Every structure is written in structure tokens, then in C-alpha cells.
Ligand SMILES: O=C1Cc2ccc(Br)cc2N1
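The chain below stands alone and is given in C-alpha cells; this is the form deposited without 6-bromo-1,3-dihydro-2H-indol-2-one (1P8).
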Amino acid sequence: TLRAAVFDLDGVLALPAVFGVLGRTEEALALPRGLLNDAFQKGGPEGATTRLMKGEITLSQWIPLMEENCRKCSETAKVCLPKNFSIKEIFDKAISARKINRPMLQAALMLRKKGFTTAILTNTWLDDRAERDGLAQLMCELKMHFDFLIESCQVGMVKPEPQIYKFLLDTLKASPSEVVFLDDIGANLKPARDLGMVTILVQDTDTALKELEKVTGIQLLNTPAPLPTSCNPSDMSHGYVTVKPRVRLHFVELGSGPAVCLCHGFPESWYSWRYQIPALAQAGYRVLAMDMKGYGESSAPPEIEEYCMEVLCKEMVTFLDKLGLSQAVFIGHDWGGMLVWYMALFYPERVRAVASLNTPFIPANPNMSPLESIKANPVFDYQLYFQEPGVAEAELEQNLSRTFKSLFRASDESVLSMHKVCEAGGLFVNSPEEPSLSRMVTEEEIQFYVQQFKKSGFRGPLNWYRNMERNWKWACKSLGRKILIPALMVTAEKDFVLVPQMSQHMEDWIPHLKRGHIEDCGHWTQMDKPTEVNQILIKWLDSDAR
């Protein structure tokens, strides 16, 4: 029956309520109880506040009216306002004090997730103060999680006027009985109730959520910790840079602040960072999540040498040039991890800081052919399997769904051993035709990859592995250097190929290296442990790249 949930901003989705700083200021300043609310409300439907909430005047135009109102109320109550009494001041402080009320957001999220239409309906103002960006950030962070945002100052109406609930219903395309509406002010609930909506009077969040859980029959309280926000590909800004005649690179771009360039591994996609993109943008960074050469909407030339680290790096430098970026932070995973280390070593002036997930920095051994280094570790056998052009292409391209469903698995779910892959004749010789879905991925997500890999297949991706000798030789040039810019190595306990201990000597080459470590996490780090990854990158970004 109930099919839509409507939340207010002040006192419901965001706390402490700004209305409530009137009360607190009165106490703090020993003013007559209610004096400030009286001034805030003076003239009712015709006073300054209502004009403000209706969008007739801006906040800065309103501030002096409220001032005058406060003086009127203090005269009539035969008291004085303190020296330095400042409405601008009180409101600047209250508006920045207000934060998202996380449990209310997650309940709205869960309801949206079980099929509800969700809306914010709020009495709010046109904000033109010096410090307005603060409110603009909050609204941006909230509005994305809801179907609609209805703001009194944009529609020219205000709660409790009946017309705005009529507008609400009309916006929702629902009848009154299908809607639950939550508000911290009872007077605002009343016209929703008149129409026969379920209403919830929000005092403490937990009680309100109990009421909401009861009435919708969905669990909202005591729910497991949810995944971070993901990315819907068709809501992203898609960017395209031609770095040379036959090579253009695609990336997705979110946020502002220092530039953070995300570099995925084999055989993945920008979308491999879908959990980190909003989190890092939210944390104050300009995230550029690439399709690396060979992938997705980037160019995929056929020749092997187009994919040697030297050419790949120079292309990433050009990509910075053409975007007008003097540096970026480079964060990589798997092959992307390898590339960012080399960016640190050959272009430190372009790298604000470097981090790798799973991929350790190992210097070339000048006395040992790289092919032999690889034959030393049985778990790298899959890399020899990738050498002969066509062989791996045929297996990986035969059945795309099957490929990604077999590869993208958590530590406890794996179906393919990297063990004697050449000998067995292939990577999937002993895995199902129809693999079960890993807990890490949905069917929709697997299909995104499938669709990406239909444009170019696996020749470009595989070529990344086909320049061992060439990379070795270019790497030998850097054996005298150290990496001395800010640097983070994140090891993944259950990555049975890029094992943690493979990173154990890195400090000899990177003396001030910082570490994070993630337990119970396999090779597909970002999707396996997205919360831990986000926490480790943001903490490291905030302290080292800023």
C-alpha cells in the first residue's frame, strides 16, 4: 500500500536543526525564552521569513529584517540584546553546524532500494552569503539519493500551505494513502494527515525509524552496514582526450579539489572504481577514473609495443598536458599499480603522490631476464599463458559473461587456480560454463563489463603482459633512483598472486612509504572491500596529498 516516503531536511535528514539555534542562542545569551522564535516568525504568512521561504527575497536581504524583528521583540519584552548581537553570526554558525543525519539517510536509501519513491520537501531559502558553498555541498550530497527535491523557495509555496502538499502528491504521482511523510514540526504534518497520508513526528531519529519500519514493514533499524554509493555509468561526466593520432583515452570525472587519477588493472574498466568515485569526490578530490589504453571507450591499437610501460606512461603525461594538469595523484591496481610506480620513477614532477593496491614495486633485476623471473614463481604461470598472441584472446573472448563471472570472485569463492595454467591448456579448463554470481557483483554489473569488452576484446588488455623484455630494459634505467614523493602501498591479505610478502622490501626503494593492509580481501580489491579501500585512500590522501 505505502509506496512513497517524503523527508524534511532541517530536523529530519540533517541535524542539529537550524530552527533549534534560536532556542540555544536564547539560553546561551540569557534572552527571554522564545524571543528569537518570535522574531523569526513575526508577521506570520506576511512576515520576512515567509517571504524568504517563498523565494521572494534572498537570505542576505532577510538578515537585516530579522535584525529589526529582534529589536522589535526585545523592546516589547522590555529587554536588551547583548553587545555584538549578530544574526549573520548565529546563522553562519548554525548552518555549518548542521550535518547529514546518517541513519535517516540510510533508511531513505533502503526504502528507495526496496522500491519506494523518495523525496525531500523542505522550507528553505535562496542562500547568497559569502559562506553559501557549505549549504550547496550538503544539498548536493543529499539530493542524489532521492527521486525529487522540492524546495519551498523554488516553487513559491511553503509548508504548511495546502497547495505544496498538492504539488508534492502531483510530483510523486501517488495518492495520499500511498505516502509516509516525516517532519519534526507537527503543524507541518497536519495538512498531510488531513489528506490521509501516514505521518511521522520526528523527535529522536531512532523512534521515528521504528515508527517508519512498523508502518512500511521494511527493516530500517539495526540493518547491516551498507556498501558505499556506486556509480550509474549514464549519470557520469564522460571525458575524452586524444593523446596522439590513433589513441584517445576515456575517463569518468567527478568532484573538485586536487586531481586524483585512478588506473585499473587487467582485465577491468573505469567502472572497477565505482565504489571509490563518489567517496573520493565527497572527500574533496577531482577524481578521474580512466579506461586505460586497451579498454572500454579508450583506443585499442593492435600492436604489442603500443602497450609497453614507456609508451603507456608518456601517454598519461600527455593526458595531463592536454587537460592542463601540472600534476595528479596516481592511484593504481594490478597493472595500473605497476604503471603508477613507473610514473613516480620517470615523471615525479607530474605526480602529486602515488599509491598502489596489491601491486608491489619491484625493481628490474639487471642480472636476470624477466621471463625467467616469472618462471621462478609458479603462481605467475598465467602470465606465460598470456604470451602467445591469440591463445588467451580466444579463451577469454569465447564467453564474456563466463569470463567475468569466473574472474571476479572473492577469496573464498575461487574456481580457477593460477597453478600450471599452460599445462592445463587454459585459465577456465576446470571451471563451470555457468558460474554462480560472486557476492561481490550483481548480474547488471557483470553485464556492464561484458558490454565494455565487446568493443575491443582482449588483445589490447593482454598486450600489457607482452612487453616483459621491453619494460625490463626501460626499468633498468631507473635502478639508481629512489621514490621519494608521497607513496602508499596497500596489500590484500588473500591475493594469492600479488601476495603481501611480495611487497616486503619496498622500503629500500621508497624509504618513507606508507602502508595500509586489508584482511580477508582477494585480488579484486576495490569491489571486494570497498569500505576499507575508501577509508585507507581518504585518510592517506588527506594527510599526504593535500
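From 1 onward, residues are counted along the sequence shown.
Another form, the form deposited with 6-bromo-1,3-dihydro-2H-indol-2-one (1P8) bound, is not on view; read the next lines as being about it.
Margin query: At 4.5 Å by heavy atoms, is each residue in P370, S373 and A475 next to 6-bromo-1,3-dihydro-2H-indol-2-one (1P8) in the deposited bound form?
Written below: Yes: each residue has a heavy atom within 4.5 Å of the partner.
Margin query: Looking at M104, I218, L138, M338 here, can you tell me which has any non-hydrogen atom within 4.5 angstroms of 6-bromo-1,3-dihydro-2H-indol-2-one (1P8) in the deposited bound form?
Written below: When 6-bromo-1,3-dihydro-2H-indol-2-one (1P8) is considered in the deposited bound form, the option within 4.5 Å is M338.
Next item on the list: Could you spot which one of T199, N471, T171, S456 gets a heavy atom to within 4.5 Å of 6-bromo-1,3-dihydro-2H-indol-2-one (1P8) in the deposited bound form?
Entry: Only one listed residue qualifies here, and that residue is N471.
Notebook entry, point to check: Could you tell me if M309 has a non-hydrogen atom within 4.5 Å of 6-bromo-1,3-dihydro-2H-indol-2-one (1P8) in the deposited bound form?
Noted result: Because a heavy atom of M309 falls inside 4.5 Å of 6-bromo-1,3-dihydro-2H-indol-2-one (1P8) in the deposited bound form, the answer is yes.
Check: Does 6-bromo-1,3-dihydro-2H-indol-2-one (1P8) get within 4.5 angstroms of any non-hydrogen atom of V155 in the deposited bound form?
Finding: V155 lies outside the contact set for 6-bromo-1,3-dihydro-2H-indol-2-one (1P8).
Margin query: Can you work out whether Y342 and 6-bromo-1,3-dihydro-2H-indol-2-one (1P8) are in contact in the deposited bound form, taking contact to mean some heavy atom pair no more than 4.5 Å apart?
Written below: It does: once 6-bromo-1,3-dihydro-2H-indol-2-one (1P8) is placed as it appears in the deposited bound form, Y342 has a heavy atom within 4.5 Å of it.
Next item on the list: Please run the contact check for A364 against 6-bromo-1,3-dihydro-2H-indol-2-one (1P8) in the deposited bound form: heavy atoms, 4.5 angstroms, yes or no?
Entry: Yes.
Notebook entry, point to check: In terms of non-hydrogen atoms within 4.5 angstroms, which of the given stretches 314-322, 71-79, 286-294, 460-468 touches 6-bromo-1,3-dihydro-2H-indol-2-one (1P8) in the deposited bound form?
Noted result: Correct option: 460-468.
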